[PDB]
Amino acid sequence: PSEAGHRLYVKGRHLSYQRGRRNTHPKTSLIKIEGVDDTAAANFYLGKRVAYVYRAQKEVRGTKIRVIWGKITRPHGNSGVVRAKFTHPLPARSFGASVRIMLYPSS
Amino acid sequence: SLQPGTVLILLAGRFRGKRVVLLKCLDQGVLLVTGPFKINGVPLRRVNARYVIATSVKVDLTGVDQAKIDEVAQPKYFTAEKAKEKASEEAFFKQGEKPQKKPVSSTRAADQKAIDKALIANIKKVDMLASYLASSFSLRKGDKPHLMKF
Amino acid sequence: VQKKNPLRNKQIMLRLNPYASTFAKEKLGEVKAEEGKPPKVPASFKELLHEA
Amino acid sequence: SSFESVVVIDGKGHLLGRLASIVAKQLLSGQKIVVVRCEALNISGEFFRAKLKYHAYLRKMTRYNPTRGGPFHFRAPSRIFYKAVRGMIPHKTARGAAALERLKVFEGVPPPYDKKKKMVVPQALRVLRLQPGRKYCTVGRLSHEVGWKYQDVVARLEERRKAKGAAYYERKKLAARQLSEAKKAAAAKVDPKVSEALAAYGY
Amino acid sequence: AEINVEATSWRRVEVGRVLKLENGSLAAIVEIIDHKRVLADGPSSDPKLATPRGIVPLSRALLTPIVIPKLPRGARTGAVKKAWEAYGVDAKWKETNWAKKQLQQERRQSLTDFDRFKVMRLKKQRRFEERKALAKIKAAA
Amino acid sequence: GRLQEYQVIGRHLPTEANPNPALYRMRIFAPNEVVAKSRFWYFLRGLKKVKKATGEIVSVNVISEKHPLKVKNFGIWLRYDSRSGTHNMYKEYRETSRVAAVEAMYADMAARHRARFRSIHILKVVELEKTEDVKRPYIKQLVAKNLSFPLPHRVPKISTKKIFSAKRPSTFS
RNA sequence: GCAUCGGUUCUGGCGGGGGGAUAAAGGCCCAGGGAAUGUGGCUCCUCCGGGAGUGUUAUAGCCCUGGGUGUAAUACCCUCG
RNA sequence: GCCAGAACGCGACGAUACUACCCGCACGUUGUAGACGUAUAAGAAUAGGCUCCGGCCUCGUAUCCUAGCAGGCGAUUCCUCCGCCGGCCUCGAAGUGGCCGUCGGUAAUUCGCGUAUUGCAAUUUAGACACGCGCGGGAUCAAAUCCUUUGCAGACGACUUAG
Ligand SMILES: [K+]
Ligand SMILES: [K+]
Ligand SMILES: [K+]
Ligand SMILES: [K+]
Ligand SMILES: [K+]
Ligand SMILES: [K+]
Ligand SMILES: [Mg+2]
Ligand SMILES: [Mg+2]
Ligand SMILES: [Mg+2]
Ligand SMILES: [Mg+2]
């Protein structure tokens, strides 16, 4: 019975902040989206919502899981990387962790 | 692409992943849809057009009266009894025990059958369409939403 | 209290230049050239061009 | 691009430096890598030039005490490859240390990683990068001549595992021959119209 | 005297060879410029297979197995078009495996969500018959 | 699309002792007309006693190739400066236009003799009408009869973003 | 969270107008002139696939010079939405 | 060959009291540089190869799997696919796979009942390893240091011995 999964988002990875060679700006992050490899493909995802979910120690209001919400703003480079802004900047220990790219604001 | 009779994919909420049928467009981005309730268990309810993907399949609406849809689309159809139906949950369970289902009102139960009677008949005339509306949508590997036709 | 840009806001353009509406309506930016069969280069302009 | 649980790379025929830079970037992104057959890697240029390079490396050592601080010269083919990767990573940071924890390197193909799929990095393949007529060497030969002791043990073990693979390949060929026969017998049996609908869809 | 040689056998660039370009178009070689560039044109009636007259870099082309016989060197568009249709280049190109692969790829990319559901169900019905036949032959060993 | 050939006609300013001065014409290869005129005064300063402050430009026109679809052989005469002394050369090219021939020449001189654009004078560009006028052996092999050749060891074109292939690529395309 | 607007900015697509050899080419048609990395024929050498002569369109074709369709199309530069 | 032996490198073996050990079950008072279909085993050449021997190769742009209350309860219907156990073989590079049997589940076809109210979105609290706790069953009854002593040893510790 129903040997299928339940996935409605696209996978992504947190790479780093916006930076120069020796200066870094945490207010913006760079995200790699799986499967997109050029600027034209990345134009589809402008404006979507991004979620970063993780675990904590204690329960607050019925759970031990927390979220930080954000959105995609503009492309980056020539190879499909994009920029994003979150409500709070990401913790920077998560360089290499995974995020969820929604489809909420559609067409 | 939002015209009555088109098949929609729901992206969020309780019924995420379900395929429903669009009936009418409301004022400020809201939509009116139905399952139908006897095919996938989704009743008449409102959704926001942002959280929806519109496919390229249309179903016929020759049998629906188009006259009862209008009072379903009235402003206070879904509210104006919510403030009293929500007292049941607090009256027990969270304070006492033994939860029980909230009853469905007679008018909302009756309106569901009236609208969906002719709609199901039209659906049955296209093969595999009934089963398609019964199942749910999900992403496998190698699926790229920026290339998928829908 | 706030400067607004004509070429983006049409109401501001009409405030400063009342002839703007007529210019658009009569399509003064798409006027065609006068009729007439044109002559050809006089066979020595071409000789000098490829001379060397 | 694709996200995997682990990628296993067959090291035969890859250029040492180019494979090293691609592997380093994957680790910093958050991908786990395993490299096998490190003795079959390649280096461009004649062998004599590679030997002179290592000898210059060997001459460097701490003067006042050779047991601390000094460059420690590892000889195995997998440790030569590991050194190249570590130079392209900020290994003195906590982030850099975590990245190196996602890599494994081996000589030969140890039993965990046979019976498994081995990929290839075409941006670093020798037959696709080097102009025909130029010269190259193998890391396995360089390691043998600077003090690596287990060249023949690995050579004998590799022969055994290839002999087992020949038996496995024999069974795999039989299965394909039967499956093709089953599809032929079942095709003209039943499907009156499913065949044409699938053909129109491209399947 | 017995001689047994096993080596490669490539397709040659020559006057009359038909090339395939990046965007599925076709062209015929009329003149050789260098070891890297060629003058070519394709006068085809099908708008998806026709290309203008010009120079093509060989790094962006593939050699098809079709060669027009006795195409004069440096022939103009009128002469090429006559020889193109007399030989039947369009019909010959449709029978190659390269064309069929392209057609199959086009069909799969044009599938809608409803089509994807139906192709899954149709494959299962064919798969059911496959498993029954495979079990029978394997049981008989 | 880097260079075009222009026609430039110039004149000394008319004076009372010489109304109606003589007219001079030159053919200039340049990326645009702003540097076409600057190049004109440079060459005329070296031949006649005229300047830009004592003259004027009469006409500028673009010369287009008459048959940019026919394969031709060209010959070029030039004069250039090395790190010590100046020399004359004669080279040959095979393409479909005069502009294409000059662009190939500029790249060729930079590669083989390290000569910059600022140290080259073009003397003459001539299309060789007869196949007997070909002198350089690297052109003669291209005008041979019944030419044909294969292309061995061709590397297939693979997208950069696709790392981790699952098969060994071939080179027999 | 959504809808309708204001300020700034990044990025896609579509409809017209003008210029130059009133683009240069090019297809089709008319008239004249040439040759070779010489098509068909004719001759000789090998039957062992072919090669070598001869000469100007034939059973392929190519290059120059004028003219018509033609105020043809397209590229490039500028410009109104 | 010869000297040292990583005090955060590894292997084999002996005896293991204190519920320290083994098995089964049920929980979370917990941790993890970061599950969400975490699915894919020939070797070799690249100026050559694969094969069912008919043919085939730019291209993983592939193949497998994928519907049902986060996936119910019945029927029609089918002999496919999956899993826990047990028995035989097999596996040594850092030890794995195959065959058989019982049992449990199972849309390839076609239906009948149930789904609402989470109120127009808010992580889809779902995986795998570790650790802790509580039961119910089994198995087991050990050593080291101080102390006295030796001089093949020694600044003191340590070391070779005996009780
Ligand atoms: K139902
Ligand atoms: K715009
Ligand atoms: K014009
Ligand atoms: K014409
Ligand atoms: K002849
Ligand atoms: K059901
Ligand atoms: Mg705005
Ligand atoms: Mg004209
Ligand atoms: Mg025109
Ligand atoms: Mg030790």
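Numbered from 1 within each chain, the chains take letters A, B, ... in sequence-line order.
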Contact class for [X] (heavy atom, under 4.0 Å): base, sugar-phosphate, or nothing?
X        : result
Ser64(F) : base
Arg74(A) : nothing
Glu85(B) : base
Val41(C) : sugar-phosphate
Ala33(C) : sugar-phosphate

How would the sugar of [N] be described, north or south, if a positive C1'-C2'-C3'-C4' means north and a negative one means south?
N       : answer
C69(H)  : south
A36(G)  : south
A126(H) : south

Closest of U61(H), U125(H), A116(H) to the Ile65(A) side chain is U125(H)
Which letters describe nucleotides 67-81 of chain G, given B = protein heavy atom under 4.0 Å from base, S = only from sugar-phosphate, - = neither? ----B--------B-
Using a cut-off of 4.0 Å between protein heavy atoms and nucleotide atoms, how would you tag nucleotides 31-36 of chain H 5' to 3' with B, S and -? SBBBSB
Stacking check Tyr104(A) vs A121(H) (5.5 Å / 30 deg): no
Toward the 5' end of RNA chain G, which comes first, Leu49(C) or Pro68(F), by nearest nucleotide? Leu49(C)
Find which nucleotide of RNA chain G each of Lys70(F) and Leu142(F) is nearest to by heavy atoms, and output the residue with the more 5' nucleotide. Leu142(F)
Side chain to side chain contact (heavy atoms under 4.5 Å, CB included) partners of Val50(A), counting only residues at least two apart: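 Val50(A) satisfies side chain to side chain contact (heavy atoms under 4.5 Å, CB included) with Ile72(A), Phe86(A), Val99(A), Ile101(A) only.
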Salt-bridge present (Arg126(E), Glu129(E); N to O < 4.0 Å): no
Cut-off 3.5 Å, side chains only: do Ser135(B) and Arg19(B) have a donor facing an acceptor?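 Indeed, the side chains of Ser135(B) and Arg19(B) share at least one donor-acceptor pair under 3.5 Å.
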